[PDB]
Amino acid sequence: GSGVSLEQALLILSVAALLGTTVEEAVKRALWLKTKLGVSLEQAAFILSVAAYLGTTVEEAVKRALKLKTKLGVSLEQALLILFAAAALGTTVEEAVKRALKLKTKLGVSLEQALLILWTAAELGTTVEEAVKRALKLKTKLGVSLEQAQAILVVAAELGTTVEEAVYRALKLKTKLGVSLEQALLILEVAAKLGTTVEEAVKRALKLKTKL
């Protein structure tokens, strides 16, 4: 798309924070990269985030990702997630993929889902087995996806609250603003990252945004 969704605006606000660059600068940087590679805006923002986590230039991150795609025969998305999971783990990409593949087979999930689980466990400071146990409890209790359950865990950590508090606020946001759960959780997380209120994060994002 050329029109920017709220979802996408929020991701950039997050990336602007991470890079320490104005939102205007982050927009341009994400659009240049989207154009250059012919990828989604979300994927462009991801790449900027991966390079920041790696501590490499964006080109270098792209070079690594393209080489790893060819090596493993995987998508660019998967290669990026492998690099990210490896940067978060502080290990090799080979080790990260090894762990992801074992976990993929165990849980009957995708490699992408497995890599997200590994990254999430690192973000929570727990083992994977613990993170999976806690995510699956939420999945069953609330009737959310495994992905969403993980997102809830992570949002709670960013907020410095329990998962009960995080869910309570997310569902309030859904009812008040008519957003999806995934949206609500992202808003909560972005406001935490920007050092602001829920209202101010959305107000910025709306300035930035064009498509719905």
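A residue's number is simply how far along the shown sequence it sits, counting from 1.
A.B. asks: May I ask you to compare 149-157 and 32-40 by their mean CA B factor in the entry and name the higher one?
C.D. replies: Higher mean C-alpha B-factor: 32-40.
A.B. asks: Read off the CA B-factors in the entry, average them over 103-111 and over 130-138, and name the higher stretch.
C.D. replies: Looking at the record's C-alpha B-factors, the answer is 103-111.
A.B. asks: Name the residue from 48, 177, 54, 185 with the greatest C-alpha temperature factor listed in the entry.
C.D. replies: Reading the PDB entry, the winner on C-alpha B-factor is 54.
A.B. asks: Ranking the modelled residues of this chain by C-alpha B-factor as given in the entry, is residue 173 in the lowest, middle or highest third?
C.D. replies: Lowest third, going by the recorded CA B-factors of the chain.
A.B. asks: Lowest, middle or highest third of the chain for the C-alpha temperature factor of residue 27?
C.D. replies: For residue 27, the deposited C-alpha B-factor lands in the lowest third.
A.B. asks: Among the chain's modelled residues, which third holds the C-alpha B-factor of residue 122?
C.D. replies: According to the entry, residue 122 has a C-alpha B-factor in the chain's lowest third.
A.B. asks: Using the B-factor values recorded in the entry, state whether the Cα atom of residue 66 falls in the lowest, middle or highest third among the modelled residues of its chain.
C.D. replies: Within its chain, residue 66 is a highest-third residue by C-alpha B-factor, going by the deposited values.
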